[PDB]
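The form deposited in one PDB entry is given below as one chain in structure tokens.
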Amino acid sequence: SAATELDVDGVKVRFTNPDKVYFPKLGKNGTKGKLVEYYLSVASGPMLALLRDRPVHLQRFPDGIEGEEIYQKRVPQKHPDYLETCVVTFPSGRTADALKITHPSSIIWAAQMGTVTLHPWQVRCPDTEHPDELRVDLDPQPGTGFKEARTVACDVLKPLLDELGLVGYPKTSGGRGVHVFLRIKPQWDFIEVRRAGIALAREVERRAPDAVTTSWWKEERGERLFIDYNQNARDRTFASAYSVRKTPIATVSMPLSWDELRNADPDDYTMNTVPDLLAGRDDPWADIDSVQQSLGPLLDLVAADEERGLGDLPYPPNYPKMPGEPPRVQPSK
């Protein structure tokens, strides 16, 4: 019952416990072996190209999703020769040797370690100080769901990006909301990219004020879709495209076209369904890397909000007080 060895594109990867249940609800389809089988099916394809050279955090469940959840940002000092690491710097100044996705064996090793979900930073190593991706995180609040997420993405955010001359790429998160990624030239730092995300989010909110909120404070959000602008800060990740999530049916964060997203149901994309869905279908994100976009149009939105008196917004807990950050508390008591 000893370990076995997988051959992943020339690299030998150790593999154990194929029949350990990770997702109790799926029967024969919820074992660690089924997870590794999924990742072998996607790890050599667009998942890899989307993750290439990014530092990632691991969300591991060595005892399955009902056991303890272990987030992990550091790779152990002692690790297999084929693994590559990269130094990322947190807002405090502390650092971490994070996994760098360079090869499908990186993804397979992560899955052998119990990783259900990979969580990339928005940078490419070794240029870890300049995001190449601006990321929009759409979060339905209680009383809203995926339908609101997809409606706002398709009917407010998409036409707005069109107006601004920008191209965005959507995916299901695998939870109840939506992610939209914009590829940018790595010319700006985390502060500038987060401000550009704030101005984009504020414009979406102005155009759909009954449906959309940017309030960090839960009290002021209402039954609206929250655009989580702090996900563009340093030391903030997104679940990767094609990652499985810790939901009971093992949903997958699924890249879609705008046309597909209009009618999507995230429960259709599972570690059990996704490989068959990918076959006979063109990659909707095939072109994400063909244009490295400028942040200019969004930075002009920033300047125009400044003209109307709107500046920076609060950061999350555990961040140092940032330059220009307003009081990190809910307002007007």
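The first residue of the sequence shown is number 1, and the count goes up from there. Superpose the two forms; the largest set of C-alphas matching within 1.5 Å is the rigid core. Shifts are known only where both forms have a C-alpha.
The protein also exists as the form deposited in another entry; that form is not presented, and the subsequent description refers to it.
Taking the rigid core as fixed, one finds a CA shift for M322 of 2 Å or more between the shown form and the other one. Relative to the shown form, the CA atoms of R94 and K321 are brought 3 Å or more closer together in the other form.
An increase of at least 3 Å in the separation of the C-alpha atoms of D139 and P327 is found in the other form, compared with the displayed form. Displacement of the C-alpha atoms by 2 Å or more across three or more consecutive residues between the shown form and the other one, following core superposition, is confined to the single run 317 to 333.
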